[PDB]
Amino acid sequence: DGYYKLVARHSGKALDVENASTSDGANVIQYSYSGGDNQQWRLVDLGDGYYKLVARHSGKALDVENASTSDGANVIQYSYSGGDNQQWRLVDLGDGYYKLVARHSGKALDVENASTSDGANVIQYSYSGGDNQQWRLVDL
(Lines of atoms letter the chains of each structure in order from A and count residues from 1; the text may use other names and numbers.)
(Lines give C-alpha, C1' and ligand atoms only; values in the text may rest on other atoms or scores of the structure.)
Protein backbone atom coordinates (compact mmCIF):
# COMPACT_ATOMS: atom_id res chain seq x y z
CA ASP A 1 0.00 0.00 0.00
CA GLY A 2 2.54 2.50 1.24
CA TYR A 3 0.29 2.66 4.29
CA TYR A 4 0.54 1.14 7.76
CA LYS A 5 -1.71 0.36 10.64
CA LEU A 6 -0.24 1.08 14.05
CA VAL A 7 -1.39 -1.41 16.68
CA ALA A 8 -0.84 -0.91 20.41
CA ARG A 9 0.88 -3.87 22.03
CA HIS A 10 -1.36 -4.03 25.08
CA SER A 11 -4.73 -3.79 23.34
CA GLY A 12 -4.14 -4.95 19.78
CA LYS A 13 -6.22 -1.95 18.75
CA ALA A 14 -5.32 0.63 16.11
CA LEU A 15 -4.30 4.27 15.97
CA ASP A 16 -7.48 5.94 14.78
CA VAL A 17 -8.72 9.43 13.84
CA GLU A 18 -12.02 9.67 15.67
CA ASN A 19 -15.11 9.05 13.53
CA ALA A 20 -13.14 9.68 10.34
CA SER A 21 -13.33 13.43 10.78
CA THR A 22 -11.02 15.21 8.34
CA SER A 23 -10.99 18.28 10.63
CA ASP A 24 -7.98 20.13 11.94
CA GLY A 25 -7.99 19.16 15.61
CA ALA A 26 -9.90 15.88 15.31
CA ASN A 27 -8.94 13.60 18.17
CA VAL A 28 -6.68 10.57 17.78
CA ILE A 29 -7.79 7.51 19.74
CA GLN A 30 -7.41 3.76 19.85
CA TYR A 31 -10.06 1.65 18.15
CA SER A 32 -10.60 -1.89 16.90
CA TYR A 33 -9.18 -2.13 13.37
CA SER A 34 -11.80 -2.16 10.60
CA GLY A 35 -9.55 -1.16 7.69
CA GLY A 36 -11.02 2.34 7.69
CA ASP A 37 -8.92 4.96 5.91
CA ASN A 38 -8.96 6.85 9.23
CA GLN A 39 -6.91 3.97 10.68
CA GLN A 40 -4.26 3.93 7.96
CA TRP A 41 -1.13 6.05 8.14
CA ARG A 42 1.53 6.99 5.63
CA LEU A 43 4.97 6.96 7.27
CA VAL A 44 6.80 9.81 5.58
CA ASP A 45 10.57 9.93 6.08
CA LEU A 46 11.81 13.41 7.00
CA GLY A 47 15.43 12.33 7.50
CA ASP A 48 17.44 11.88 10.70
CA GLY A 49 15.06 9.20 11.95
CA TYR A 50 12.07 11.55 12.03
CA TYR A 51 8.76 10.94 10.23
CA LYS A 52 5.42 12.59 9.77
CA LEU A 53 2.44 10.26 9.99
CA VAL A 54 -0.36 11.21 7.64
CA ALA A 55 -3.86 9.79 7.97
CA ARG A 56 -5.14 8.28 4.73
CA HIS A 57 -8.68 9.62 5.00
CA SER A 58 -7.76 13.25 5.65
CA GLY A 59 -4.16 13.89 4.57
CA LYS A 60 -3.61 15.53 7.96
CA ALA A 61 -0.74 14.71 10.32
CA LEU A 62 -0.29 13.12 13.77
CA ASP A 63 0.16 16.13 16.03
CA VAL A 64 0.74 16.84 19.71
CA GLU A 65 -1.92 19.44 20.48
CA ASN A 66 -0.54 23.00 20.68
CA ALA A 67 3.01 21.67 20.97
CA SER A 68 2.50 20.99 24.67
CA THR A 69 5.54 19.29 26.19
CA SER A 70 3.61 17.79 29.13
CA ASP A 71 3.15 14.17 30.07
CA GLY A 72 -0.45 13.61 29.04
CA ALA A 73 -0.64 16.27 26.33
CA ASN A 74 -3.30 15.27 23.79
CA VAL A 75 -2.54 13.73 20.38
CA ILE A 76 -4.71 14.92 17.48
CA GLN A 77 -4.58 15.31 13.71
CA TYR A 78 -3.79 18.68 12.16
CA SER A 79 -2.71 20.03 8.80
CA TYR A 80 1.05 19.60 8.52
CA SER A 81 3.13 22.76 8.86
CA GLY A 82 6.49 21.20 9.71
CA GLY A 83 6.22 21.78 13.45
CA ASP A 84 8.43 19.71 15.75
CA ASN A 85 5.20 18.64 17.48
CA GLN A 86 4.28 17.00 14.16
CA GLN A 87 7.48 14.97 13.77
CA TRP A 88 8.00 11.55 15.31
CA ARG A 89 11.13 9.50 15.92
CA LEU A 90 10.39 5.83 15.13
CA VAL A 91 12.55 3.80 17.53
CA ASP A 92 12.91 0.03 17.10
CA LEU A 93 12.54 -1.60 20.54
CA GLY A 94 14.17 -4.87 19.51
CA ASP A 95 11.24 -7.30 19.56
CA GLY A 96 9.10 -6.25 16.58
CA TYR A 97 7.68 -3.21 18.36
CA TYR A 98 8.41 0.53 18.15
CA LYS A 99 8.01 3.60 20.28
CA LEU A 100 7.19 6.85 18.53
CA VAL A 101 8.74 9.83 20.22
CA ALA A 102 7.58 13.37 19.48
CA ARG A 103 10.41 15.61 18.34
CA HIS A 104 9.49 18.66 20.42
CA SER A 105 8.77 16.92 23.72
CA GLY A 106 10.75 13.68 23.74
CA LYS A 107 7.49 12.01 24.87
CA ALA A 108 6.10 8.73 23.50
CA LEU A 109 2.80 7.90 21.80
CA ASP A 110 0.72 6.38 24.59
CA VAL A 111 -2.76 4.90 25.06
CA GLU A 112 -4.05 6.61 28.21
CA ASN A 113 -3.90 4.50 31.39
CA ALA A 114 -3.33 1.36 29.27
CA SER A 115 -7.06 1.17 28.64
CA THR A 116 -7.96 -1.54 26.14
CA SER A 117 -11.34 0.08 25.39
CA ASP A 118 -12.45 1.33 22.00
CA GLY A 119 -12.18 5.12 22.16
CA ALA A 120 -9.42 5.29 24.76
CA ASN A 121 -7.50 8.50 24.23
CA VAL A 122 -4.06 8.61 22.63
CA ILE A 123 -1.66 11.07 24.27
CA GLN A 124 2.08 11.58 24.75
CA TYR A 125 3.91 10.46 27.91
CA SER A 126 7.51 9.71 28.87
CA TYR A 127 8.46 6.23 27.69
CA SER A 128 8.71 3.75 30.57
CA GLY A 129 8.24 0.51 28.66
CA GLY A 130 4.50 0.05 29.09
CA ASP A 131 2.85 -2.16 26.47
CA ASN A 132 0.46 0.80 25.97
CA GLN A 133 3.50 2.75 24.71
CA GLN A 134 4.63 0.13 22.19
CA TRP A 135 3.32 -0.09 18.64
CA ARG A 136 3.43 -2.72 15.91
CA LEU A 137 3.87 -1.10 12.50
CA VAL A 138 1.90 -3.38 10.17
CA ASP A 139 2.53 -2.94 6.45
CA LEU A 140 -0.75 -2.62 4.50
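Each residue number is its position in the shown sequence, starting from 1.
Mean C-alpha B-factor is higher over 89-97 than over the other stretch, the pair under comparison being 89-97 and 105-113. For the two regions 45-53 and 23-31, the entry's Cα B-factors average higher over 45-53. Per-chain ranking of the deposited C-alpha B factor places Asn66 in the highest third. Among the modelled residues of the chain, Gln40 sits in the middle third by CA temperature factor in this PDB entry. Ranked by Cα temperature factor within the chain, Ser58 sits in the middle third according to the deposited record.
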